[PDB]
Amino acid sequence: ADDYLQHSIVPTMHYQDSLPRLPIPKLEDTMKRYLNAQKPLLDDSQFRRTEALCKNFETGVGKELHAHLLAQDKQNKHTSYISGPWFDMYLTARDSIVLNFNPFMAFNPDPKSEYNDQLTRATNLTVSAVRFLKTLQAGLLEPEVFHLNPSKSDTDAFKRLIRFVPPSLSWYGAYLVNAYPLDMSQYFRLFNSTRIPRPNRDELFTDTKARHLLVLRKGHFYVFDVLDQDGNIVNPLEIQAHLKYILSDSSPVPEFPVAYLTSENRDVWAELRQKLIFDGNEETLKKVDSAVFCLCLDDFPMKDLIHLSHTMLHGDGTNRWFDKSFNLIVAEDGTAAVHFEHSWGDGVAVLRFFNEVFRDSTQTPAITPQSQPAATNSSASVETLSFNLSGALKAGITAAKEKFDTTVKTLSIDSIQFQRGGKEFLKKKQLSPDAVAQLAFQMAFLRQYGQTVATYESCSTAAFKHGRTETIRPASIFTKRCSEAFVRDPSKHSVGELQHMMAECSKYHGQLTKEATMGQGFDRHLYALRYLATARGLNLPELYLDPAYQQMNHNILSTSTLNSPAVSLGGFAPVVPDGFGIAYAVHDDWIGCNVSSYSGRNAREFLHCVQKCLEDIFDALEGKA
């Protein structure tokens, strides 16, 4: 009977005070792991040079920087050694946030066809989102926890007990039942938050007192309350009425859509924002910045999955406020997705938000397709924001548009649905499903371009206090050896030989996966040492000036998996001009991939090869040659 979509018996933040600290690897282990990852990428001569640099680093400056890093960590046990430096890196970056960083996740349709009406779904998705906001702020959202055995740890029985254990010892309680609570310090930024462009480093802004929603349609800005001053969610039928009002607006797109500015270089946008304020738009900008989130209503249907990906990843530049913590998008055909700003968090908060909202809006919708909009004066409740644009601002919007169109025109995206099998078949073959997907990417790249390249796979270290992410390096001596066998020398190898090579890839990949989740990767450690060197005003150590290091950090193959019943498709642009941005998901009986590329690479051809490699892998696993 309330506005909460969850009623946790355990306070949302119950485990935060007792989360284990993010460990720092021993310098000896990091150097060894760094070298292991370089083995498949460097030729003998390059490797020798790099190995020598590592030896020197470990005994010289590296040893010194590591000591300082440990000393610093001890003085800040309330956080992690990597969180601050990581935020600093992204807030300082001056590149456009569109494509370079902002990703998207698209919702599956409501199982009930009729409920996918734009007005209906925009209303239900919006109401569920505010219900999430209320639930989170009330501490009634179930604590984020990773269960190894849900049937024993994620039960009311355990909940009734841990609930009495003090926050200072709660983590241990879950630990005993093989449950791992996660960090939730970023979750508050899901709402009333935005990224503000500033001269050298951007700032993350949040106004927890704001109660209005920002809606974008045909480039126009609208705001209206979704939470009243009493703290209750505005009547769903009234919200429906205001959205119907917005959807009825016949005003044409503005000649100069202001939203384009959020896609600019950060220094350029920072200055243009200053002028916007100098020209009297501060009040308007404050309304935009503080809205609970941004709801975008596109006036067109999705033509194909490719069109959907483009629409949710970047759109046409006029109807998305890229700086907002997130943009909830709902197209004419009801297709919905969440486009979010990268810098404020690691996206776990967004996924949780995403799953809860999908569940709540499809299982307990606020309104139905037959619901009657409540009587109300929408023209009074809904304010159309206006921007006083000077000649310099219009020129600025024009330039932003040309820069946007120029970049977007080079982006290509496509997907595949491998339906011969998934987790079930692979697990029976006693192989890691994730390791197999990664092996396929390596094999496809070798077949398409004839080389082994720097590969990145995202992993979470959210099991630790202020944990963030760590890098899993799937390109190994094993995947290289295996790919060469499948691609170069087929036949010359027996099916048995191919099977054991894949087993070797899977085993090593599992090792790297566990180490990464435990903060035992080498990337964050090496980055933190470099960040500290720079902070100390010290010269960049030769280890980092090594071409091998730069190459290890030019991730041609960027990947991240996403597993969720609420997610239909997801994606992100490549992180380097000649790279691929690979979002994939291994399901029980099939495998899906959504791949992006710029002019330099061919996503469509790559996927063809990925399909081919997955078929070859499945054949070999079935005893076929």
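The first residue of the shown sequence is 1; numbering continues from there.
K.L.:
Which has higher Cα B-factors on average according to the PDB entry: 201-209 or 127-135?
P.N.:
Taking the mean B-factor of the alpha carbons in each, 201-209 is higher.
K.L.:
So 443-451 or 421-429, which one's hotter by mean CA B-factor in the entry?
P.N.:
421-429 has the higher mean C-alpha B-factor.
K.L.:
Could you check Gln499, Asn102, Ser483, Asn555 and tell me which one carries the biggest Cα B-factor in the deposited entry?
P.N.:
Of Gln499, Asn102, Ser483, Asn555, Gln499 has the highest C-alpha B-factor.
K.L.:
Take the CA temperature factors straight from the PDB entry and tell me which of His466, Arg195, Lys152, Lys403 peaks.
P.N.:
Highest CA B-factor of the listed options: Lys152.
K.L.:
By the record's CA B-factor, is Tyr544 among the lowest, middle or highest third of residues in the chain?
P.N.:
Middle third.
K.L.:
Going by the CA temperature factor in the PDB record, which third of the chain does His307 belong to: lowest, middle or highest?
P.N.:
For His307, whose C-alpha B-factor we compare with every modelled residue in the chain, the answer is the lowest third.
K.L.:
Of the three thirds of its chain by CA temperature factor, lowest, middle or highest, which one includes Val576?
P.N.:
Bottom third by C-alpha B-factor.
K.L.:
How does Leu389 rank on Cα B-factor within its chain, lowest, middle or highest third?
P.N.:
Top third by C-alpha B-factor.
K.L.:
Going by what the PDB entry lists, where does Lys55 fall on CA B-factor within its chain: lowest, middle or highest third?
P.N.:
Ranked within chain, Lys55 CA B lands in the highest tercile.
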